[PDB]
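In what follows, a structure is listed as structure tokens, so that the remarks can point back to it.
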Protein chains: 2
Amino acid sequence: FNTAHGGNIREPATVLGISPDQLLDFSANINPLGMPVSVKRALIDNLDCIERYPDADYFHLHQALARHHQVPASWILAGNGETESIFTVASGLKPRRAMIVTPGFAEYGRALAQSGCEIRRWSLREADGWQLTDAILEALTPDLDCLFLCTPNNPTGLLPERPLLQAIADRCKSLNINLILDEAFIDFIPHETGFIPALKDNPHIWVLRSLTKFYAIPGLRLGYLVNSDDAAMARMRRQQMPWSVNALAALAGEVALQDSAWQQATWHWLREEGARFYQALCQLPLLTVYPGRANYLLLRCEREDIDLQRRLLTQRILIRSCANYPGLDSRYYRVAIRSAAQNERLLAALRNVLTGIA
Amino acid sequence: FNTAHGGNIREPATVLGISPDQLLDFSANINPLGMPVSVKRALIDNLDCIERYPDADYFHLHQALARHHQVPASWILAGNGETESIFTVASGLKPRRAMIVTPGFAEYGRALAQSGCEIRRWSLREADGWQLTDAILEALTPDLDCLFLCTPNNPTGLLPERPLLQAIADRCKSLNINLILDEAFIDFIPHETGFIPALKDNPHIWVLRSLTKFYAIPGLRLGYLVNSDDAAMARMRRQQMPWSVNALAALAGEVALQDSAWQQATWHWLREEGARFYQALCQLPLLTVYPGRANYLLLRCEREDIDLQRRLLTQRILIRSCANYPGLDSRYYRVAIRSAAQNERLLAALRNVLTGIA
């Protein structure tokens with residue numbers, strides 16, 4: 001099969017002729033700790049709120065997000081998943097010319113194509129280990145309207161250094177280029193604040209955030225966009241679709257942000273099991289594992305003519321094939337980092353495929 | 001205040017300086033019976049499904065909708081509320097020239113404007129009691145790409161006769177005009193099948209449906225579009241935003257359609273309390289009440305210089321002001337039809353404002 005996004009367990013299970021609950025999914029990167037306790041309680045206790053429309057202005061949710069980031073509520077716009085925020089920014093900025101970095105999340109290109117923009121692709125290089133380098137600076141030109149970066153990048157998991165991002169931000173300010181930073185996974189990286197704390201003096205920077213992966217609520221759909229340009233955000237708001245965020249997602253979001261132990265618990269797990277996982281994967285023969293900073297890792301299979309996703313699916317483990325990402329080929333795959341036990345089943349499966357081969 | 005849509009209880013309460021739970025809302029038209037029992041159970045029992053992304057293809061939901069209408073599943077596309085279905089059809093059909101009927105739901109014009117279409121408005125007339133007449137047929141011309149009708153119309157509640165809709169449908173087929181029928185409230189009208197049963201031989205007809213009002217789940221956000229043109233629907237699907245429908249909405253939708261007593265219970269209430277409500281409203285002096293067919297009624301206040309919404313809000317009852325609808329003015333308002341008790345509070349409030357006045 002050829003799926004545009006991971007997490008397609010129903011489709012994968014159908015390919016094998018079995019029930020989705022029989023697959024162990026490593027193709028979507030959801031926090032393994034599961035749904036925050038308080039969130040589950042809040043949903044059960046306030047389920048009747050679905051009998052009314054959500055607040056079209058999402059006052060409570062926006063206030064919660066603003067309190068969390070200590071920024072004016074006017075700088076924030078919640079969306080039906082960060083995927084909606086990507087389409088919102090693309091349609092609201094309507095760039096004539098925009099640059100994206102490949103490989104990267106497919107939706108940037110989809111949103112830009114539909115908005116009628118001329119798309120330029122800045123290609124990351126295998127020889128550079130897929131890292132974003134300062135070579136992109138010379139590629140930025142006055143005629144560019146937007147530049148979209150993913151920090152960290154999906155699927156490589158690599159995080160551009162702060163100095164390089166500042167240099168890019170500064171050149172964009174100077175060349176009148178809007179800089180959109182997709183921080184969907186920034187919460188997972190222990191010491192990483194992102195750019196929200198620097199928007200006050202940078203109205204040309206837009207930050208995309210998601211709550212689905214970090215708080216394990218991808219099924220609720222919730223993300224948001226943050227920007228300090230009063231006029232531009234007003235435009236995003238008046239052009240938006242009404243009631244995009246469902247009432248339970250708004251509730252879960254507000255509650256999730258109250259859990260003051262969640263961030264630490266997640267970072268500890270990533271620091272312990274996540275590092276142990278990277279290590280074990282690197283020990284496997286015929287496999288290159290890139291140093292991802294969040295809860296997923298890009299793998300490059302060195303074994304010739306072998307479909308790792310097909311072989312692991314036979315063992316009822318679903319992984320992401322990155323062959324469809326521009327710039328990557330059939331040797332590349334991506335796996336989530338999950339609980340130790342689940343990670344152990346993935347490793348044992350990879351070993352059967354890669355161990356004892358000349 | 002000037003709200004684009006009703007149901008704005010948080011905004012209304014803020015205007016008065018009180019909590020939203022202190023207002024009785026007649027400005028949104030949600031089934032008063034509340035959430036179907038089975039739906040509530042299903043949500044509570046399957047709450048953990050939000051830990052995974054929804055099925056991007058919504059296999060189970062689409063199969064349920066197809067079984068319900070006895071049509072191929074390929075003819076259906078679920079959306080994040082019928083509002084999303086309106087934007088989907090507008091963006092997917094990208095009409096160069098389109099006609100809408102005013103007054104009508106505001107989102108048609110919003111979706112068309114953003115899609116860059118030349119909008120023509122067919123004006124309903126106060127002298128006709130706001131009924132759609134065959135005069136529109138001569139207004140249809142070959143250069144039209146789309147014609148959007150609301151059946152029944154919002155806010156008038158009037159349902160164009162089947163013969164007129166067939167005549168419009170036939171002329172559209174002949175002039176190569178796509179006909180989009182918004183059946184959001186068709187479920188409330190006792191003997192009304194809508195056009196889904198006639199799409200097989202009419203690929204130029206698109207039907208919009210909503211589950212939020214009839215099953216009282218506006219907070220979950222769920223609607224869908226139905227059309228029999230294989231190629232056109234394929235286009236709507238490949239151009240769509242991924243995971244638009246949240247997992248709980250998909251679950252509620254499937255379950256709600258299983259309640260075989262819901263339709264009857266709702267029609268009975270509308271036949272009893274709804275008729276008694278129309279009658280009581282007509283007895284009030286200085287007030288014209290249009291004969292709405294679903295769960296809402298358009299009111300025209302005959303009392304000079306009186307803001308009925310402002311006066312009722314002082315009594316903690318929120319109603320819809322239709323002054324913002326093109327074609328209507330400050331004399332027009334809309335109220336939901338709710339439970340007998342709630343309807344009794346609205347009537348007593350209207351009486352204090354309209355009774356005993358020369």
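Identifiers for the structure tokens are assigned positionally: chains receive A, B, ... in sequence, residues are indexed from 1 per chain, and ligands are indexed from 1 in the order shown.
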Go through chain B residue by residue and, counting only C-alpha atoms, keep those with an atom at most 7 Å from chain A; for each kept residue give the shortest atom pair and its distance in Å to one decimal, ordered by chain and increasing number, as JSON lines.
{"residue": "B:7", "atom": "CA", "partner": "A:53", "partner_atom": "CA", "distance": 6.6}
{"residue": "B:8", "atom": "CA", "partner": "A:55", "partner_atom": "CA", "distance": 6.6}
{"residue": "B:10", "atom": "CA", "partner": "A:55", "partner_atom": "CA", "distance": 6.6}
{"residue": "B:34", "atom": "CA", "partner": "A:51", "partner_atom": "CA", "distance": 6.6}
{"residue": "B:35", "atom": "CA", "partner": "A:51", "partner_atom": "CA", "distance": 6.5}
{"residue": "B:44", "atom": "CA", "partner": "A:44", "partner_atom": "CA", "distance": 6.5}
{"residue": "B:49", "atom": "CA", "partner": "A:219", "partner_atom": "CA", "distance": 6.7}
{"residue": "B:50", "atom": "CA", "partner": "A:219", "partner_atom": "CA", "distance": 3.8}
{"residue": "B:51", "atom": "CA", "partner": "A:217", "partner_atom": "CA", "distance": 4.9}
{"residue": "B:52", "atom": "CA", "partner": "A:219", "partner_atom": "CA", "distance": 5.4}
{"residue": "B:53", "atom": "CA", "partner": "A:219", "partner_atom": "CA", "distance": 4.5}
{"residue": "B:54", "atom": "CA", "partner": "A:219", "partner_atom": "CA", "distance": 5.4}
{"residue": "B:55", "atom": "CA", "partner": "A:10", "partner_atom": "CA", "distance": 6.6}
{"residue": "B:216", "atom": "CA", "partner": "A:51", "partner_atom": "CA", "distance": 5.2}
{"residue": "B:217", "atom": "CA", "partner": "A:51", "partner_atom": "CA", "distance": 4.9}
{"residue": "B:218", "atom": "CA", "partner": "A:53", "partner_atom": "CA", "distance": 4.8}
{"residue": "B:219", "atom": "CA", "partner": "A:50", "partner_atom": "CA", "distance": 3.8}
{"residue": "B:220", "atom": "CA", "partner": "A:246", "partner_atom": "CA", "distance": 5.3}
{"residue": "B:221", "atom": "CA", "partner": "A:246", "partner_atom": "CA", "distance": 6.2}
{"residue": "B:246", "atom": "CA", "partner": "A:220", "partner_atom": "CA", "distance": 5.3}
{"residue": "B:247", "atom": "CA", "partner": "A:219", "partner_atom": "CA", "distance": 5.0}
Store the residues picked out above in a file with C-alpha atoms, as an mmCIF file, in the first residue's frame.
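For reference, selection_6.cif as written:
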data_model
loop_
_atom_site.group_PDB
_atom_site.id
_atom_site.type_symbol
_atom_site.label_atom_id
_atom_site.label_comp_id
_atom_site.auth_asym_id
_atom_site.auth_seq_id
_atom_site.Cartn_x
_atom_site.Cartn_y
_atom_site.Cartn_z
ATOM 1 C CA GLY B 7 -25.546 29.641 19.737
ATOM 2 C CA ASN B 8 -23.100 32.289 21.036
ATOM 3 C CA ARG B 10 -20.518 32.612 26.028
ATOM 4 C CA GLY B 34 -30.723 15.702 23.995
ATOM 5 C CA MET B 35 -27.985 13.175 23.230
ATOM 6 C CA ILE B 44 -17.762 6.666 27.605
ATOM 7 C CA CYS B 49 -9.876 5.639 21.014
ATOM 8 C CA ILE B 50 -8.651 9.251 21.109
ATOM 9 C CA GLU B 51 -5.132 7.939 21.845
ATOM 10 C CA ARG B 52 -4.864 7.025 18.179
ATOM 11 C CA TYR B 53 -5.519 9.061 15.024
ATOM 12 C CA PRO B 54 -8.958 8.521 13.442
ATOM 13 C CA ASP B 55 -9.036 6.274 10.313
ATOM 14 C CA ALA B 216 -27.947 16.880 19.392
ATOM 15 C CA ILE B 217 -24.158 16.569 18.994
ATOM 16 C CA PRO B 218 -23.194 19.982 17.654
ATOM 17 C CA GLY B 219 -20.160 19.963 19.914
ATOM 18 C CA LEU B 220 -18.754 16.842 18.223
ATOM 19 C CA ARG B 221 -18.939 18.339 14.691
ATOM 20 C CA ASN B 246 -12.448 13.446 15.212
ATOM 21 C CA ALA B 247 -12.603 9.869 16.462
#
Strand (DSSP E or B) positions in region 110-308 of chain B, given as an NGL selection string | :B and (118-123 or 146-150 or 178-182 or 205-210 or 223-226 or 287-289 or 296-301)
Grab the residues selected above and save them as a compact mmCIF listing (two decimals), in the first residue's frame with N, CA, C and O atoms.
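Saved result, part.txt, follows:
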# COMPACT_ATOMS: atom_id res chain seq x y z
N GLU B 118 -17.70 34.30 -8.95
CA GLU B 118 -18.56 35.48 -9.13
C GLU B 118 -19.91 35.02 -8.55
O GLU B 118 -20.52 34.08 -9.07
N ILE B 119 -20.37 35.68 -7.49
CA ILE B 119 -21.62 35.32 -6.81
C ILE B 119 -22.84 36.10 -7.26
O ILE B 119 -22.84 37.33 -7.27
N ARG B 120 -23.90 35.39 -7.63
CA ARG B 120 -25.13 36.02 -8.05
C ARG B 120 -26.14 35.68 -6.97
O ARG B 120 -26.15 34.55 -6.51
N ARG B 121 -26.95 36.63 -6.56
CA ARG B 121 -27.90 36.31 -5.50
C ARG B 121 -29.32 36.33 -6.00
O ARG B 121 -29.75 37.29 -6.66
N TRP B 122 -30.05 35.25 -5.75
CA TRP B 122 -31.45 35.22 -6.16
C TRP B 122 -32.16 35.64 -4.87
O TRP B 122 -32.08 34.94 -3.87
N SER B 123 -32.82 36.80 -4.90
CA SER B 123 -33.51 37.33 -3.73
C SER B 123 -34.93 36.85 -3.47
O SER B 123 -35.81 37.05 -4.31
N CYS B 146 -22.83 26.69 -10.56
CA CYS B 146 -23.49 26.10 -9.38
C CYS B 146 -24.69 26.91 -8.91
O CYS B 146 -24.78 28.12 -9.15
N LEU B 147 -25.62 26.22 -8.23
CA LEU B 147 -26.81 26.86 -7.65
C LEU B 147 -26.91 26.18 -6.28
O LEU B 147 -26.91 24.94 -6.23
N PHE B 148 -26.91 26.97 -5.21
CA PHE B 148 -26.99 26.42 -3.85
C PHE B 148 -28.37 26.74 -3.28
O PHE B 148 -28.76 27.90 -3.23
N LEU B 149 -29.10 25.71 -2.83
CA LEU B 149 -30.43 25.89 -2.22
C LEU B 149 -30.38 25.25 -0.84
O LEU B 149 -29.63 24.29 -0.62
N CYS B 150 -31.20 25.77 0.07
CA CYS B 150 -31.26 25.23 1.43
C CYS B 150 -32.68 24.66 1.53
O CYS B 150 -33.63 25.40 1.30
N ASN B 178 -24.44 22.63 -11.48
CA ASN B 178 -24.44 21.68 -10.38
C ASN B 178 -25.48 22.21 -9.38
O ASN B 178 -25.60 23.43 -9.16
N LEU B 179 -26.25 21.30 -8.78
CA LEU B 179 -27.27 21.75 -7.82
C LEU B 179 -26.90 21.21 -6.45
O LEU B 179 -26.81 19.99 -6.25
N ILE B 180 -26.63 22.11 -5.51
CA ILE B 180 -26.23 21.70 -4.16
C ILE B 180 -27.42 21.95 -3.25
O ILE B 180 -27.88 23.09 -3.13
N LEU B 181 -27.90 20.89 -2.61
CA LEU B 181 -29.06 20.99 -1.72
C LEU B 181 -28.60 20.80 -0.28
O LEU B 181 -28.08 19.73 0.08
N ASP B 182 -28.81 21.82 0.55
CA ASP B 182 -28.41 21.73 1.95
C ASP B 182 -29.61 21.20 2.72
O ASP B 182 -30.58 21.91 2.94
N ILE B 205 -26.19 16.63 -8.86
CA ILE B 205 -26.83 17.02 -7.60
C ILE B 205 -25.95 16.60 -6.44
O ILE B 205 -25.45 15.47 -6.39
N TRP B 206 -25.73 17.53 -5.50
CA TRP B 206 -24.90 17.24 -4.34
C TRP B 206 -25.78 17.48 -3.13
O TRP B 206 -26.43 18.52 -3.05
N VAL B 207 -25.84 16.54 -2.19
CA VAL B 207 -26.65 16.74 -0.99
C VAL B 207 -25.74 16.89 0.25
O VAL B 207 -24.82 16.11 0.43
N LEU B 208 -26.01 17.92 1.05
CA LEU B 208 -25.27 18.21 2.26
C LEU B 208 -26.14 17.76 3.42
O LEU B 208 -27.34 18.07 3.47
N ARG B 209 -25.55 17.04 4.35
CA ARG B 209 -26.30 16.54 5.52
C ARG B 209 -25.55 16.83 6.80
O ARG B 209 -24.32 16.95 6.82
N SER B 210 -26.29 16.92 7.91
CA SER B 210 -25.63 17.19 9.17
C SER B 210 -26.22 16.25 10.19
O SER B 210 -27.39 15.89 10.08
N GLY B 223 -20.85 16.09 9.75
CA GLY B 223 -21.74 16.23 8.61
C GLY B 223 -21.18 15.39 7.48
O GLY B 223 -20.16 14.70 7.64
N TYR B 224 -21.85 15.42 6.33
CA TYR B 224 -21.35 14.67 5.19
C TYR B 224 -21.99 15.17 3.90
O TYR B 224 -23.01 15.85 3.92
N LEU B 225 -21.36 14.80 2.79
CA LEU B 225 -21.78 15.20 1.44
C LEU B 225 -21.99 13.91 0.67
O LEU B 225 -21.26 12.94 0.85
N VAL B 226 -23.00 13.92 -0.20
CA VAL B 226 -23.33 12.74 -0.99
C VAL B 226 -23.51 13.17 -2.45
O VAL B 226 -24.21 14.14 -2.72
N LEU B 287 -46.74 40.50 16.11
CA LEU B 287 -45.73 39.52 15.77
C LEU B 287 -46.19 38.65 14.62
O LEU B 287 -47.27 38.09 14.68
N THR B 288 -45.38 38.54 13.57
CA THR B 288 -45.71 37.66 12.44
C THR B 288 -44.81 36.43 12.63
O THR B 288 -43.63 36.58 12.97
N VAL B 289 -45.35 35.23 12.46
CA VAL B 289 -44.58 33.99 12.62
C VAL B 289 -44.71 33.18 11.35
O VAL B 289 -45.82 32.77 10.98
N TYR B 296 -37.44 25.25 14.11
CA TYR B 296 -37.18 26.68 14.33
C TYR B 296 -38.22 27.48 13.56
O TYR B 296 -38.84 26.97 12.62
N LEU B 297 -38.41 28.73 13.98
CA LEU B 297 -39.39 29.60 13.36
C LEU B 297 -38.83 31.01 13.22
O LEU B 297 -38.18 31.52 14.15
N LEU B 298 -39.09 31.60 12.07
CA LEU B 298 -38.69 32.97 11.77
C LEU B 298 -39.83 33.88 12.29
O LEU B 298 -41.02 33.65 11.99
N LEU B 299 -39.46 34.90 13.06
CA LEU B 299 -40.40 35.85 13.65
C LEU B 299 -40.18 37.23 13.08
O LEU B 299 -39.03 37.61 12.82
N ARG B 300 -41.26 37.99 12.88
CA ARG B 300 -41.09 39.38 12.41
C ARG B 300 -41.83 40.24 13.43
O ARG B 300 -43.04 40.19 13.53
N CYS B 301 -41.09 41.04 14.20
CA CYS B 301 -41.72 41.87 15.22
C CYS B 301 -42.38 43.08 14.57
O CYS B 301 -41.72 43.83 13.84
In Å to one decimal, how far is CA of residue 24 (chain B) from CA of residue 313 (chain B)?
-> 9.2 Å
In Å, rounded to a single decimal, give me how far CA of residue 233 (chain A) is from CA of residue 250 (chain A).
->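 Here the two named atoms are 19.7 Å from each other.
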